[PDB]
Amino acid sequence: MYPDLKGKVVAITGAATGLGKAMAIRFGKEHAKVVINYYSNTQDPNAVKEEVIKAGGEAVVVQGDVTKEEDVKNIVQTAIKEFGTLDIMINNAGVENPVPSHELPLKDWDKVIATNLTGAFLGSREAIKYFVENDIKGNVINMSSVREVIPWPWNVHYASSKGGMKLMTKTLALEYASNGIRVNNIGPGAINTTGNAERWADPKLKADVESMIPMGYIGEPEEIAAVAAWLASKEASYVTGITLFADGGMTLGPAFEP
């Protein structure tokens, strides 16, 4: 779809599952060269690698924990070693776990902040460093959420991580705009990743989730991957510092019932 993405090198964190996997595959369809970071050898990154190649791309995998600076550096170095450059960095890894806020253990708060916000900072930091050093007009996409604007009871750490990610992105976008580097957030609403489809199998829970979505359906991973491909492309040449919400209307509030 986007001819300019052919041959671009894109690194994606948390790409063995979910939205990261879907983005990897979509960049494959665009004939990009994808670095699939994954967290654990309990996962199946090689299946993603095969799907990216089948779709029309090239791919390698690399284990790394985005809460470890050395591992983030190694993700970037993997792009350089395997494909010779880096063009697009997608900080997608994230976690969540609900607990009443007055009871939330500090170590749970810390894990969510470290993965979701600090990890995205480190990935952004490392990619931008490389881009500035090598005069690359690179692109960073940070995977946020509707929860960068909509508060989330029982998930104060998650909300804080995404609200922080918004200002992190805006600051990096402003700081590095003169270098021709673009930095943007995607804000998904409720998406039918495997894990979410399973937890929302219960018809009552499913209906509750859908009640929050004006469009009336839970989105598919490909509908988020579409956004990432567009933002990374030169079609979005004049777009930086934004959050592009792809949420079925969730940021408007719950579905309207007359």
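Quick note: we count residues from 1 along the sequence shown, nothing fancier.
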| item | value |
| --- | --- |
| Average Cα temperature factor in the PDB entry - higher stretch of 174 to 182, 149 to 157 | 174 to 182 |
| Entry-level comparison of average CA B-factors, 27 to 35 and 202 to 210, reporting the higher stretch | 202 to 210 |
| Out of 111, 166, 102, 73, highest CA B-factor residue | 73 |
| Deposited CA B-factor, highest of 224, 231, 190, 55 | 55 |
| Third of chain Cα B-factors occupied by residue 117 | lowest |
| Modelled-residue ranking by C-alpha temperature factor, third containing residue 91 | lowest |
| Modelled-residue ranking by C-alpha temperature factor, third containing residue 139 | middle |
